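Here's the structure, in structure tokens; my notes come after.
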Amino acid sequence: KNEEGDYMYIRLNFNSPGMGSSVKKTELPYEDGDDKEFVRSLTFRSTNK
DNA sequence: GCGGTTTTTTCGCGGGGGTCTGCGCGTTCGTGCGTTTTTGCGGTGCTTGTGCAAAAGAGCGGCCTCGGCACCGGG
């Protein structure tokens, strides 16, 4: 979370392959897929802090 | 100190392949969050106790004059 000016810019990161979560290979938070593209982060702003 | 022997140090060149290194992902161990069990200094209410105006008569002690006597000196 980063309050830049009057807007609060919060970047929500999501699980993405390549040294991501500390979870072991046995259980993956996503389905295995070389052709799968992932939403890595979304940044939102709001006037209400 | 001076002359001898001859080992193994210094000199250089070629080839091999184990070690270093670029790159990636994962994890395990370093670092912060939170807590357990106990030690310590902080204060109080109450206990137990302390230093800081004449008038008059009655009675008294000191004192003094005096009484009266015993005594020294002499024969």
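Somewhere in segment A:23-39, is a residue on the phi < 0 side of the Ramachandran plot, more than 16 Å from DNA strand B (Cβ to nearest atom), surrounded by 10 or more Cβ atoms within 10 Å (Cβ to Cβ) and not in a loop (DSSP other than H, G, I, E, B)?
For segment A:23-39, residues on the phi < 0 side of the Ramachandran plot, more than 16 Å from DNA strand B (Cβ to nearest atom), surrounded by 10 or more Cβ atoms within 10 Å (Cβ to Cβ) and not in a loop (DSSP other than H, G, I, E, B): absent.
For segment A:1-10, what are the residues that are out of contact with any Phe, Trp or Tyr (no Cβ under 8 Å at 6 or more places or on another chain) and surrounded by 10 or more Cβ atoms within 10 Å (Cβ to Cβ)?
Hits for segment A:1-10 are A:6, A:7, A:8.
Okay, residues lined up against (1) without any contact (Cβ under 8 Å) to a residue 12 or more places away in the chain; (2) acidic (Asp, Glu):
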site	(1), (2)
A:3	no, yes
A:11	no, no
A:17	no, no
A:21	yes, no
A:24	yes, no
A:32	yes, yes
A:41	no, no
A:44	no, no
A:49	no, no
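FYI, it's all coordinate maths here, none of it is from the lab. Cβ coordinates were reconstructed from backbone atoms using ideal geometry, including for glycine residues, and neighbour counts include every protein chain displayed.
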